[PDB]
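Engineer: Let me start by giving you these chains from the complex, positioned as in the assembled structure:
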Amino acid sequence: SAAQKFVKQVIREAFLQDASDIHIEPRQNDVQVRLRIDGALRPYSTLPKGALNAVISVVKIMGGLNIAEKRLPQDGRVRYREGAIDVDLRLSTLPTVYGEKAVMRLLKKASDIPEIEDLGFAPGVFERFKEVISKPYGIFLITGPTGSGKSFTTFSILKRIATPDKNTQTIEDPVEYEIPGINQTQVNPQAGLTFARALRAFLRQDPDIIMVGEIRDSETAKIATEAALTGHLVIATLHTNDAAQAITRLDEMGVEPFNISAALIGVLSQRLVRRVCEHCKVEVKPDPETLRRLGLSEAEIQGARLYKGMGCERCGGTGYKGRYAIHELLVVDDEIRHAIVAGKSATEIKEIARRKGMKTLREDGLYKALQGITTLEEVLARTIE
C-alpha cells in the first residue's frame, strides 16, 4: 500500500535516528508527524488529511487493535521486523477532535543497557557509587522525573550485581525489556497483582535483590523498607527533585525515621541533559554573573570555557545529539542516620552531605558543561541550576 509504505519508512527512520517515539497527529487541515529525539520532538513529514484513516489502519493492524473502534483509546504491542531492523513497539491510539491519534514508542533492549562504567559518573562519585551498590542489604533509592535515565541505571547496577548465587526479583509496571539471569514480575491491575501485593510475595520467595519499579504507595514504601530491614538489597525508584527529599518523602509516605535510618544505604538523584553536537559545536565566552551565583571561585571563572551547538543538518538544527547523565549521589553514613532520626529537614540533611563531599546535580552538570559535553542552558533547565 501507500499507508503501509509510510509506516515502514517512519519506523525505519526512527530506528536509524534513535527516536524514542513517533507521533501521528491529525489536525484541522493535515496530518502532522513528529519524532521525539533526545527528549525533544522534531518535525517529520506532513500528510494529507485523507491519509489519516489508512495509516491508523496499518498501525492498528500491527498491534491487534480494533479498526471499528474510534471512540475509545486502545493499546497494543508489536514485535516489528523489516530485514535489518528489529524493535518492539508500543502502539497507542487516542480519539481526537480531528480523528484518532497514533503514538508508536520504540522500546529498548537488554543489549542497550550500559555497564556501570559507562553511565557518566565522575571519577570520585563513581567510586562511592560502586561502593554503595556492593552492600549486601539495605535500600538504595534512585530519584528523578521521567526520562532521567533511572531505569538504565537500575538495570546497569543489576547487570553488575545479579550473579547466579543470588535471587534477583523485580516488580515492574510495565516490564520494558527482559533481562537474562533475573526474575521479572509485571504489575497486573486487572488481576489485582499490585506493587504492594507482589512485594509481600517476594518476601516468601527467598529474595536476595529486589527491584521496585516505582514507589507510589505508603504500603510499598513500608514493604520495600521491610525487605531492607529483613536483610535484602532493595533497589527502588522514587519521584523527587533532590536526593535528600527522598528521605523526607519516605517519612511522609509513613516510614518512621528510625526505620529509614536502619535501612537507607544511599540515594541517587539522576537527570538527563542533552549532548552538544560535535560537528556544530562552538565555544561561547561565558558569563561571570552565573558561576558567580554558583559560587565557583573567581579563579575558576576566567579559566572556564562554555560551549553550544549551533544547529547543523547532522543534528537537525538542534545543536544537540544524544544525551548525557548528571548525578547527585547521597551516601548514608553515621552522621546522616543520626540526622534522619532527630528529624532534620531535607535542606539540613543535604548541607551535611554536601559538606562531606556530595556533589549536586548543578555542580555535576556544570563540571560537564565546562567540558563541552552539555550546555549551561540544558543544565539549569533540567535541574533548577
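Structural biologist: Received, thanks. Numbers count the residues shown, from 1 in each chain, chains lettered A, B, ... in the order given.
Engineer: Quick one: end-to-end distance for stretch A:232-251.
Structural biologist: Terminal residues of stretch A:232-251 lie 21 Å apart, using Cα to Cα, to the nearest Å.
Engineer: what about that stretch, distance to the chain center?
Structural biologist: 15 Å (Cα atoms, centre = their mean, to the nearest Å).
Engineer: now swap in stretch A:147-155 and tell me
Structural biologist: Here stretch A:147-155 is found 4 Å from its chain centre; the criterion is Cα atoms, centre = their mean.
Engineer: Show me what it is in contact with.
Structural biologist: Stretch A:147-155 has contacts (Cβ atoms under 8 Å, 6 or more residues apart in numbering) with A:39, A:110, A:113-114, A:119, A:142-144, A:176, A:179, A:211, A:235, A:237, A:268, A:270-272, A:323, A:325. Placement of C-beta: from N, CA and C, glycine included.
Engineer: Excluding chain neighbours, what is closest to residue A:75?
Structural biologist: Leaving out its chain neighbours, the residue that sits closest to residue A:75 by Cβ to Cβ, 6 or more residues apart in numbering is residue A:92, at 5.8 Å.
Engineer: was I right about the one you found contacting residue A:105?
Structural biologist: Yes. Residue A:92 lies in contact with residue A:105 (Cβ atoms under 8 Å); the separation is 7.5 Å.
Engineer: just to revisit the earlier point, next, the residue nearest to residue A:75: secondary structure please.
Structural biologist: Three-state call for residue A:92 (DSSP: H, G, I helix; E, B strand; the rest coil): strand.
Engineer: need the contact list for it.
Structural biologist: A:73-76, A:102-105.
Engineer: filter those to the buried ones?
Structural biologist: Neighbour-count burial (16 or more other Cβ atoms under 10 Å) applied to the contacts of residue A:92 gives A:74, A:76, A:102-105.
Engineer: what's the distance between the closest residue to residue A:95 other than its chain neighbours and residue A:27?
Structural biologist: Setting aside the residues directly before and after it, residue A:95 is nearest to residue A:71 in space (Cβ to Cβ, 6+ apart), at 5.7 Å. From residue A:71 across to residue A:27, the span is 19 Å (Cβ to Cβ, to the nearest Å).
Engineer: and chain B on top of that:
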Amino acid sequence: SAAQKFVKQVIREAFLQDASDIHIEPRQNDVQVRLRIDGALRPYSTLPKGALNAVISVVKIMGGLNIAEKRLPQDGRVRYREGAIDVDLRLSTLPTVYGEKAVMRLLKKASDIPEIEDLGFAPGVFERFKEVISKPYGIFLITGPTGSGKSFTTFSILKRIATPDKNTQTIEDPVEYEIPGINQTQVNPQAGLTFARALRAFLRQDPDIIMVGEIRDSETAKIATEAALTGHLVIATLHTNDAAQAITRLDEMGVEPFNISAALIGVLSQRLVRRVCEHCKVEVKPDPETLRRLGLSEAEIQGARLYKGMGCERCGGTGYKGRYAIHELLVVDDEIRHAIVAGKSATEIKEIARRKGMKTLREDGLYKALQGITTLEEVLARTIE
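Structural biologist: To build on what is shown above, here is chain B added in:
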C-alpha cells in the same frame, strides 16, 4: 418574517455589543428579551405576547429542534452567518409557565484568546505567574466559579508554552475552542470516555503538557496529580472560592497530601470585574474612612484615583464597558509544602502564602480600582475578600 427580522436584529446587536447570551423570556403579559453583557443581564426589548411562538420557531429551525415538542427542553448548535457575522451559537429551549424560554449563547474563538501579557496581571504578580508556568513539570491549578476566565487563562498559557518540541494534550467537556498546535480530546459519556479514562490513556501517549478541563471526581484528581508527580506539566481547573482551598479540596477529594505537596506548582484564583466605561468616566473624590476599614494604608489613600462611569449610550447606562481579571496567585514554596503535609487548614496556608507575597482577590481588586480600571463596588461584589 417579522420573527425572522427580530432574531436577525437581536443577534446582530448582541454581536456588536459583545454579549455572552440572548434571553427570550415568556412572561405573564408579554415577552421580555435580555442581553447578558459583561456578565450582567440588560433589557433589550419587549415583544407582544402572541409573537412568542413565531420567534421560538425561528430559533428552533436554526438549531434543528422539534417544533411540535414544547413540553421538554431542547438543545442545538448553529453556525450563524448574516452579512459579515460569523458566530457559533448554542441554542436552548425550555418550557416555562408562560411558554418556552430560549437562550442563545454566542461562542468565542481561538482568536479571542489573549497573550499572557494581556491577562491583566499586576506587574509583581505577573513575573511570578510567568515563573510558575515555565516550570518543566508539576500541576498548576486555575480555580474560581464559571465565567471567571479560567479557560481564557488556560489557553493563554498554552499559547505561550505549547511550543512544537512538546506534546500538548487536552481532555475537555466539551472542547470549546479549536486550538492550533495542540492535541484536543473531548469527553464522551456515551462511549465511556471519562476524564479519568482519557487521562489514563494520555500517560501512554508520551505527553509533555497535560490540560484537564475540569477535575470533578476523585479518580481524575489522583491521576492528574500522579502525572504531575512523574514529570509532566499539568494545567487543570478546579472550583474553589480561594487559591488555598484548591489544596484542601484535592485533599478532600482523596489525594494524598504528600502527593499534593510534591506535585503542586501553584494555584490561581480568578474573578472578572467590570471596567469603567471611559465615555462616562468621571473622577470621584475617595472617602478615606471607608478606604481605611478596607485595609488600605495612609500612603495608598493618597495616590488613589477612583472613577465611576456616569452612564452613556455606549455603556448601555451601566457605567461599565468590558471586563478585567483580578488575581490571587498562590506560589508553592517549601513552607507551603510542609504545611500541606502536616494537614494545615486552608486558612493557615493562605496566611502563609500572603506573608510570603500573595495578594488576595480583594487586594488585587482594590489595587486596580485605585488605577481606575474598575470601581470599588465591583471589587466588593466580586470578592468576599
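Engineer: once more on the contacts of stretch A:147-155, with chain B this time?
Structural biologist: Stretch A:147-155 has contacts (Cβ atoms under 8 Å, 6 or more residues apart in numbering or on different chains) with A:39, A:110, A:113-114, A:119, A:142-144, A:176, A:179, A:211, A:235, A:237, A:268, A:270-272, A:323, A:325, B:231.
Engineer: residues from chain A in reach of chain B?
Structural biologist: A:20-21, A:23, A:25, A:27-28, A:34, A:36, A:40-43, A:71-73, A:75, A:90, A:92, A:94-97, A:101, A:103, A:105, A:144-148, A:216, A:218, A:239-240, A:249, A:252-253, A:347, A:381-382 (Cβ under 8 Å from any Cβ of the partner chain).
Engineer: If any of these are buried, put those into a ChimeraX selection.
Structural biologist: This is how ChimeraX selects the buried members of these, with burial counted by 16 or more other Cβ atoms under 10 Å in any protein chain shown:
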select /A:20,21,23,25,27,34,36,40,41,42,72,73,90,92,94,95,96,97,101,103,105,144,145,146,147,148,216,218,239,240,249,252,253,382
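Engineer: Now the buried members of the contacts of stretch A:147-155.
Structural biologist: Neighbour counting with 16+ other Cβ under 10 Å marks A:39, A:113, A:119, A:142-144, A:176, A:179, A:211, A:235, A:237, A:268, A:270-272, A:323, A:325, B:231 as buried within the contacts of stretch A:147-155.
Engineer: what ranges do the strands span in the stretch 51-200 of chain A?
Structural biologist: Assigned by DSSP state E, counting those that start in this stretch, the strands in the stretch 51-200 of chain A fall at A:74-82, A:85-94, A:101-106, A:138-143, A:168-172, A:183-186.
Engineer: Give the buried residues for the second one.
Structural biologist: Spelled out, that is strand A:85-94. For strand A:85-94, using 16+ other Cβ under 10 Å, the buried residues are A:87, A:89-94.
Engineer: Tell me the spacing between residue A:143 and chain B.
Structural biologist: Here residue A:143 is placed at a distance of 11 Å from chain B (Cβ to the nearest Cβ, to the nearest Å).
Engineer: In space, what's closest to that residue - neighbours in sequence excluded?
Structural biologist: residue A:240 (4.0 Å; Cβ to Cβ, 6 or more residues apart in numbering or on different chains).
Engineer: tack on chain C:
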Amino acid sequence: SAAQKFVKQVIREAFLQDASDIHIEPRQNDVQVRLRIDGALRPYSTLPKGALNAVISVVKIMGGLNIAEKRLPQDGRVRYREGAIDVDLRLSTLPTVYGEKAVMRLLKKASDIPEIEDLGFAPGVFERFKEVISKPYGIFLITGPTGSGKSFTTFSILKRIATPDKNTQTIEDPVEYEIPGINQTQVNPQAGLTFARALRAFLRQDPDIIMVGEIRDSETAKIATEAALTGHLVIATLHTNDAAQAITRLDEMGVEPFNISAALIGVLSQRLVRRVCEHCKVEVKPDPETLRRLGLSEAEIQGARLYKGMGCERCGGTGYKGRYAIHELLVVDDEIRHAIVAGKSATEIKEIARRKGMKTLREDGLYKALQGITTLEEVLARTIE
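Structural biologist: The block that follows adds chain C to the chains above:
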C-alpha cells in the same frame, strides 16, 4: 508422573545437603532449578520449557494451591514425608514473565513443645499470659503472620492447661503434632467435616477446652464465640498483624459486638525474630535519638547497649543462630469491652490497652534486643507499620 518424580528427587537432594531453599524458575528457553546451599544459590538442573506447568501443578497439589489461578501469588505449607525424608515445606508461587516460579523453603525441623516458661515472655507479660490462660472459660485469640509461632504457642498452652479432669478437644487443618491427653480432630473437606460442622459437634461432646486451628468462616467464628459464652475455654488462631485488629476482624466476620465483649479474654500477637549467635556477639554503641524515638526512657538510655553478630563459623555466614519470639498481649478489661460494644477503632482500643500497661511488639522486641537476644533491625523488620 515424570514431573512428580522430578519434584521428589529435588526435595530429596535438598533435604540431604541441608539446602535452605528450592527455586524453580522459568526462563526464556529453559526452566532452571536452583538450590540454596550454605547461603548461596547453586545450579541443580535444567528442564525443558514445556515441562514447566507439569511441575508447578505437582507442587501446587502438595500445598493445596489452585492450579487454575496463574496470575496471582499463592502460598501453602506441606509436610513432605517419603522414607527417611521428613521435612516441612513452605511453598510460594509467583507469576513471572515466563510463567510461574515456585519457591520451597525447607523449614527447620520442629522442636518439641516447651513449657510456657520457655516461650520467652517478658517477666511481667508472662504473669498476664498465665492469668489469661487460667480463665475457666471465654475465648483467647493468638494471631500473627504465617510462621509466627502460633501453633507452637497454642500447644504449649495446652501442655499446661489440658489436665486429666478436663476434656480438651481440637479441630485442626491439619493435625501437626501428637499430643497425649487430648483429643484431636482433623478437617475433612472431602467428607463434609468442616471447621463449623465439627465445632457444633464439639458442643455435644461435653468439652472443657476447645481449640480451633483456624477461624476463616463467619459460622466458625460465631460458633467458637458462642462456645466461649456458654462456659468453655476456647483457644483460637487468627491471621492478623495487630492484636487489636483481631477484635475488628471478628466483627467483620459477623460476630455480634456484644458477644465479642462478653467472651474475649484477650488477644496474643507474636512475631518470630532471628537470634544473634552467642559465639560471635559484639557490642554496638546505640544512638540515643533512636532509642528515644522508640519510647525508651532517659534512665534506660543511660547504659543501653545493642548487639550484632559479625559472622562466625558456628552460624554459617550470617550473625544469626536460631529464633526467639516477641509478644504483644491485649488483656480485655472492663474498659476494652465498653469500647468494643459501640465500637471504637482498633487504633483507639490499642491506645486504651497501652494506657493500661500493655507492652507492644516493638517495645517487647526492643528490650529483648537490649539484652542481646536479637538485633534491632530484626525487631524493626517484624514490627513495621
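Engineer: again for the contacts of stretch A:147-155, since chain C is there now?
Structural biologist: A:39, A:110, A:113-114, A:119, A:142-144, A:176, A:179, A:211, A:235, A:237, A:268, A:270-272, A:323, A:325, B:231.
Engineer: CA atoms of that stretch as CSV?
Structural biologist: Extracted in CSV, the C-alpha atoms of stretch A:147-155 (Å, rounded to 0.1, in the frame of the first residue of the first chain):
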residue,chain,number,x,y,z
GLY,A,147,13.3,10.3,31.1
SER,A,148,16.1,10.8,33.7
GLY,A,149,17.9,7.5,32.9
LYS,A,150,16.7,5.9,36.1
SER,A,151,15.8,2.5,34.6
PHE,A,152,19.0,2.4,32.6
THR,A,153,20.9,2.9,35.9
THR,A,154,18.9,0.4,37.9
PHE,A,155,19.5,-2.3,35.4
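Engineer: Intersect the contacts of stretch A:147-155 with the contacts of chain C.
Structural biologist: Okay, of these, nothing touches chain C (Cβ under 8 Å from any Cβ).
Engineer: Verify the stated contact: residue A:85 with residue A:12.
Structural biologist: Yes. With contact defined as Cβ under 8 Å, residue A:85 and residue A:12 form a contacting pair (6.2 Å).
Engineer: Pull out the buried positions in stretch A:355-364.
Structural biologist: Buried, per 16+ other Cβ under 10 Å, within stretch A:355-364: A:358-364.
Engineer: Mind giving me the packing neighbours of the lengthiest helix in chain A?
Structural biologist: For chain A, the helix that runs over the most residues, judged by DSSP state H, is helix A:3-17. Helices and strands touching helix A:3-17, by 3 or more Cβ pairs under 8 Å, 6 or more residues apart in numbering or on different chains; DSSP states H and E, are strand A:21-26, strand A:30-37, strand A:40-48, helix A:51-63, strand A:74-82, strand A:85-94, strand A:101-106.
Engineer: and it, how far from the chain's centre?
Structural biologist: Put simply, helix A:3-17 sits 25 Å off its chain's centre (Cα atoms, centre = their mean).
Engineer: Pull out the buried residues from that helix.
Structural biologist: Within helix A:3-17, the residues scored as buried using 16+ other Cβ under 10 Å are A:3, A:6-7, A:10-12, A:14-15.
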